[PDB]
Amino acid sequence: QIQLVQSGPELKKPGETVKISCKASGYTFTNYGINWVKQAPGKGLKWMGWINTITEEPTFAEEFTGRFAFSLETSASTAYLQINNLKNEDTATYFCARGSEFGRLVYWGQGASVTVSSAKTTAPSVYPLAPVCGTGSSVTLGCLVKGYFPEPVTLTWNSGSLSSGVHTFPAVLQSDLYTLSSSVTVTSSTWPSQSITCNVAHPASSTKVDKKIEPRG
Amino acid sequence: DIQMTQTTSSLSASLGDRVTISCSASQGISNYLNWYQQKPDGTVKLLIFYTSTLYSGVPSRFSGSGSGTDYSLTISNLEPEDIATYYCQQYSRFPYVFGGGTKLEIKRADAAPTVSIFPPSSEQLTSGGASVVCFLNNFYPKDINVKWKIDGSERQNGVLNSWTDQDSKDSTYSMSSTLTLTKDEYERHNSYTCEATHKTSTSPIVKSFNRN
């Protein structure tokens, strides 16, 4: 029943302030402490520090002193992580973990993503990718998702009915915008015999796009 | 702060085999070390605390050992659900420090990449853009180098690459290389090739097209 619930994803400009909450439940809140862990995208876990839930006193690591603050509200059983004057290096996922005996980090939170950028909310440009008129057993189709912000976006083939032979590539940043691509490989006897539609949905801008892949010509 | 270093960042092994992940420290932490597992979806769970005490809910095929500065995590019967990134953590003296982390990957038979090249969409060309996409799907091992030769000359800048993690199904790898440039730049030349240099072949695999 022990669980740590964190707030949703955050989108801030450089120099702004972000506040991350960590709701504790299923136990006595004042019996254990809360740890905070930073993880940059593609990087390893970094122990930021922990806060005593009785004395409300934080214990930060080496690099997390100055613009970082641990806080809590005893009546609401919720810990808080605040970062002031946000920078590009602050772009990471921040986990909260309950501090048990033997200095172990147990009952981790789902993590709260923080994105520091100046980019505005931008809808993706869904583009169909068909091969050249010029053979073989199988045929690979594609779907280009260019220049959107922020994450995430959802890409399915034929309303999720087409799952096998699908490679959805991780989003890559280019001029502060995300670009995603996905490949689908099917037999020659089903395309262009049957409709292959790329289903791209970007909820941040309320965008839903269905894109059929047509033969070049 | 103590420097917790894991000498191996990437590790490959066949299913069923025994794997051992080491963890080194700059100081003696006196068996005050913990092991964690981070599944591909990002979720983190405690495996072994206090060097050897398996945590509640952890399979018996997990084991940890070591003393002083050197410690190790061992998985006897490697299973597909054990494919994750493992971090070591000391708690002798504050502040706590995680290790670099070791990514675990499944070993399989080598496979040649399936190279597919794609011309800019007609819908994109109307927007002034012209992305040339090159798919390199289902290959092994992970190591691979791409080369965008344009008019016989290698195009260095303007190349946007994306790599997938190891496939959950066939344990292969895939890459998406995109030559991002405008319509004007796309019409200045007329020879877009895509060289795929991989272990499986002496000569690289070449896919190309032309807007003739």
Side-chain angles (χ1 to χ4, degrees), chain A residues 35 37 39 43-50 59-64 93 95 97 100-111 125-132 134 138-142 144 146-147 164-165 167-175 179-183 185 211 213-214 216, chain B residues 1 6 9 32-34 36 38 42-46 48-50 53 55-56 85 87 89-92 94-101 114-125 127 129 131 133 135-138 160-165 167 169 172 174-176 178 180 208-210:
Chain A
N35 293 261
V37 177
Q39 185 183 222
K43 296 300 187 62
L45 301 175
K46 265 68 182 301
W47 191 81
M48 305 180 59
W50 79 288
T59 303
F60 302 97
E62 311 295 334
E63 51 178 328
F64 300 102
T93 300
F95 300 93
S100 178
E101 295 81 8
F102 312 101
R104 63 197 166 180
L105 305 192
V106 66
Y107 306 113
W108 287 64
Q110 72 279 21
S125 290
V126 187
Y127 297 136
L129 302 179
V132 201
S138 298
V139 46
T140 296
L141 303 181
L144 182 60
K146 183 186 180 185
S164 297
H167 292 292
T168 296
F169 301 89
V172 186
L173 216 48
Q174 186 180 33
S175 293
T179 294
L180 187 145
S181 58
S182 176
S183 67
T185 300
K211 193 67 60 180
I213 286 79
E214 248 56 350
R216 286 232 53 90
Chain B
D1 54 331
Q6 306 182 207
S9 60
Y32 293 121
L33 180 138
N34 303 331
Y36 297 87
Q38 189 178 207
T43 61
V44 182
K45 51 186 296 182
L46 175 63
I48 320 295
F49 71 98
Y50 198 73
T53 318
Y55 184 71
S56 177
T85 305
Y87 296 89
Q89 173 240 348
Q90 67 90 19
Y91 60 96
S92 61
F94 286 74
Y96 297 172
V97 175
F98 286 106
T114 303
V115 187
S116 302
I117 194 168
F118 295 88
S121 177
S122 62
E123 305 178 5
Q124 182 179 15
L125 292 170
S127 61
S131 301
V133 181
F135 285 146
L136 296 82
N137 297 4
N138 305 95
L160 191 61
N161 296 325
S162 184
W163 300 269
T164 59
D165 292 25
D167 193 89
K169 302 179 181 180
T172 63
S174 298
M175 187 214 301
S176 178
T178 309
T180 61
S208 61
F209 74 102
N210 44 88

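Per chain, numbering begins at 1; letters A, B, ... match sequence-line order. Excluded from the calculations below are hydrogen atoms, water molecules and symmetry mates; all remaining heavy atoms, backbone and side chain alike, are included.
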Please flag which part of [X] lies under 4.5 Å from any non-hydrogen atom of chain A: side chain, backbone, both or neither.
{"X": "B/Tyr32", "result": "neither"}
{"X": "B/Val44", "result": "both"}
{"X": "B/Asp165", "result": "neither"}
{"X": "B/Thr43", "result": "neither"}
{"X": "B/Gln90", "result": "neither"}
{"X": "B/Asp1", "result": "both"}
{"X": "B/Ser92", "result": "neither"}

Under 3.5 Å, is there a donor-acceptor pair between the A/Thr140 and B/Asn137 side chains?
->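 There is no such pair between these side chains.
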Can you find a pair of side-chain heavy atoms, one from [X] and one from [Y], that are under 4.5 Å apart?
{"X": "B/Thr178", "Y": "A/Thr179", "value": "no"}
{"X": "B/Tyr55", "Y": "A/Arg104", "value": "yes"}
{"X": "A/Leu105", "Y": "B/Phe98", "value": "yes"}
{"X": "A/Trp108", "Y": "B/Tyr36", "value": "yes"}
{"X": "B/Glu123", "Y": "A/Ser125", "value": "no"}

Locate the shortest heavy-atom distance separating [X] from [Y]; write the atom from each residue and the value.
{"X": "B/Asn34", "Y": "A/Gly103", "answer": "ND2-O, 3.4 Å"}
{"X": "A/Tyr127", "Y": "B/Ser127", "answer": "OH-OG, 3.1 Å"}
{"X": "B/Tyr87", "Y": "A/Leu45", "answer": "CE2-N, 3.6 Å"}

Against chain A, work out which of B/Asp167, B/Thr164, B/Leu46 has the most heavy-atom pairs shorter than 4.5 Å and name it.
->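 The option with the most such pairs is B/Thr164.
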Quick check on the interface: out of [options], who has the most heavy-atom pairs with chain B under 4.5 Å?
{"options": "A/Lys46, A/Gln174, A/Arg216", "value": "A/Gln174"}
{"options": "A/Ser138, A/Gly134, A/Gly49, A/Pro131", "value": "A/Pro131"}
{"options": "A/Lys43, A/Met48, A/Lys211", "value": "A/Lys211"}
{"options": "A/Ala130, A/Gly142, A/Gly111, A/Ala61", "value": "A/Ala130"}
{"options": "A/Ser100, A/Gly44, A/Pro170", "value": "A/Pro170"}

In Å, rounded to the nearest 0.5 Å, how long is the span from OG of B/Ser162 to CZ of A/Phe169?
->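 Result: 7.0 Å between the selected atoms.
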Distance from A/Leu129 atom CG to B/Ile117 atom CD1, nearest 0.5 Å?
->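 Reported to 0.5 Å precision, the distance equals 11.5 Å.
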Can you say whether [X] sits under 4.5 Å from chain B via the side chain, the backbone, both, or neither, judging by heavy atoms?
{"X": "A/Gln110", "answer": "neither"}
{"X": "A/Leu144", "answer": "side chain"}
{"X": "A/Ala97", "answer": "neither"}
{"X": "A/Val37", "answer": "side chain"}

Just by modelled atom types, is the B/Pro95 backbone N or O under 3.5 Å from a matching donor or acceptor in the A/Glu62 side chain?
->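 No, A/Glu62 side chain to B/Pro95 backbone: no donor-acceptor pair under 3.5 Å.
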Do the rings of B/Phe94 and A/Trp47 sit parallel, tilted or perpendicular, given the 30° and 60° boundaries?
->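 The rings of B/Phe94 and A/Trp47 stand perpendicular, inter-plane angle above 60°.
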